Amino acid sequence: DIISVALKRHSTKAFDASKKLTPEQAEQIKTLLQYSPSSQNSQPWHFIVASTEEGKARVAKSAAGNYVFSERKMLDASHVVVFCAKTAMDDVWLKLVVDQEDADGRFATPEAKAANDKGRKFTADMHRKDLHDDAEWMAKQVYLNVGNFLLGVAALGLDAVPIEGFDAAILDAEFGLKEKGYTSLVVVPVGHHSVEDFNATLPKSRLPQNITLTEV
């Protein structure tokens, strides 16, 4: 069941480059990225899915030099996903989101729609104006998406590793992200592990629930 998946999945240390996602799989990973939940359905994200050798090479520039171990993971894997967050939440994005909810039939009336818009605007304005944490707020949503994604791709029977070990300034510049209003946070190579993946056979380690968990 899904608990088997949770207990069996791992962070892949090495990928077999000859194993490629099926066409179906390549679509499903995109479906996972798209359908993650987010606060206010704000969806404050951009994904780059590199499946060509040259696409993956562009992402792997971000690891060259200081993050050399990350480099190979990015090149060997079939598909490599860069999760990016918005750097600012603009009125244009807020309107885009509510108008899509409208188009998808989520509002019975014009009043329902305007209430939804107003509530989202209030939440966004609070983060920006008062808490001064809108960048962080949006990045948190991208991380939630990542969590969703790692379980999803494990459940598809795929291997993956989340990577913070890359240079976001280099990745941002490689893809012109800053001027488009995004920044790269996590890279996730997806594929099938090789026999050089020593982590595939190691026991999983987590702290005991008596440390991390209180029942009331």
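Counting begins at 1, following the sequence as shown.
- Higher mean CA B-factor, judged across 177 to 185 and 148 to 156 from the recorded values: 177 to 185.
- The mean C-alpha temperature factor is higher for 69 to 77 when 69 to 77 and 91 to 99 are set side by side.
- The residue among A108, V82, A135, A124 whose C-alpha carries the highest B-factor in the deposited model is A108.
- In this structure the maximum Cα B-factor among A169, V49, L32, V161 is found at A169.
- Per the deposited record, the Cα B-factor of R206 falls in the lowest third when ranked against the other modelled residues of its chain.
- Ranked against the other modelled residues of its chain, the C-alpha B-factor of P44 as given in the entry falls in the lowest third.
- For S11, the recorded CA temperature factor ranks within the lowest third of the chain's modelled residues.
- In the PDB entry, a CA B factor belonging to the highest third of its chain's modelled residues is recorded for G55.
- Sort the modelled residues of the chain by CA B factor and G165 lands in the middle third.
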